[PDB]
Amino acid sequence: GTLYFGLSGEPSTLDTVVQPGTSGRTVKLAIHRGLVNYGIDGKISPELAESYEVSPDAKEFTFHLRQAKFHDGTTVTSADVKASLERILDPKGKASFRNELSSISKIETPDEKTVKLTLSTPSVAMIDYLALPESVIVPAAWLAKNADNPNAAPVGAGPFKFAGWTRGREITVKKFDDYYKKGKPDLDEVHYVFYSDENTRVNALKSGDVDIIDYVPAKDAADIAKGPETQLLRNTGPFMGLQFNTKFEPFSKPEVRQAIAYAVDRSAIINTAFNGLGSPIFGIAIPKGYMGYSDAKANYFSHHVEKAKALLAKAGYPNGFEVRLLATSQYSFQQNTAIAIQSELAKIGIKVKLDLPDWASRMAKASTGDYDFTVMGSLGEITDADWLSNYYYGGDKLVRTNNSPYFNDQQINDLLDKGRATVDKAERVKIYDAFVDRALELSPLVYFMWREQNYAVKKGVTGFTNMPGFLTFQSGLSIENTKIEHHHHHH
């Protein structure tokens, strides 16, 4: 059988090292595999690495490669892993997670089936960063040939092979028979169809044109959950907030960032952008169960307009200032969150103008820091406490998909470095607790709410998993387990 999957947009690129957003990741996770990837239950799964060894100080890593092939019939070898990692590490390259993998200082290939990494500083989160959709392995010979071909047809080691891309319509993938997991994938093909207007996307599911859709809008969630011919797959992993370009003078000031945290009513965002679905955040967006979580620090901020006005005045803005907010019109919740922020900040004299291009245009600007501040709809990229480094650390790459451009605090860097180097979780928790105090004080990131992130499937679809908490954007991995009962589309 074949499955038609309605994506919320067309990927701007399938270039493995680039993080274009959830749409591109969902397609990449059908075609590609890394040394490890997260399993549907959130455990790290040995993928192209059949096994791995981590030194007791988390500085040396050995990967023993599984017998596996790429889609072009070539064997997966240690030289392919080294070339793939070197592309991520290249400082002149466009890898989105270069900062997080940059501690890799030596890559050894003693034989065709063994890769050894040595880090310059310890990292108990390195295995998790190797599970990123952007850390997948491609062939060294393929990279050499397609060095100046940004639109070259993908070659990977995942359960499906790239079959074609019709611009503005769909990407088709086909079962890879030589995939290393017995009985996987179950589907013969998946057609990833692009539905940028969310109403057309929901209508495609309800009218029976597609079998699965992602980014189910909050206004349609109840109708879809009711069915009986549709099923809603729930998750409450991502958060909504703001990333600030700290080169925009007012945003270099903790008092200005805190004023914004005090000025924005969180129920205005939940009620006007998410149909009343979600929960307010009054501190750092750390989920229950992660180090740094605290019930006592969960109400650092509150909604207090006159306090926000006093903070701006103290910061040197008694009459506020003019600024532009980058978001998108492609996701109604992003546009409506931006509209709510604009009206909330006008009350404290911050005159916000909105930039609402399509998703790919917003991402191109976000990637270069071409903004004053931007609506952040995101989550921790790994399920270890070190997901925080991707948001807060300084380092060599100061403009990232999840950070506040050019923010760099030595106390925060030192605490995150200590947190990543400490193996004992009883000691790590003291480190992240101290980090949280400094993160609130400086507020380089501001958080407003936890949101629902839902998929919807047609009755007859099984085995697709909306992966837990922060793993929801990697749910495309579960397509290898997905099955669909015999069916036709209007025939």
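We number the residues from 1 along the sequence you see.
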item	value
Stretch exceeding the other in mean C-alpha B-factor - 418-426, 462-470	418-426
308-316 set against 284-292, stretch whose average Cα temperature factor tops the other in the entry	308-316
From 191, 169, 182, 400, residue of greatest CA B-factor	182
Given 358, 384, 134, 229, the residue at which the Cα B factor reaches its maximum	229
Residue 145 - Cα temperature factor, lowest/middle/highest third of chain	highest
Ranked against its chain, the third holding the CA B-factor of residue 238	lowest
Chain-relative CA temperature factor third for residue 123	middle
Chain-wide C-alpha B factor ranking for residue 173, given as lowest, middle or highest third	lowest
Residue 43 CA temperature factor, ranked by third within the chain	highest
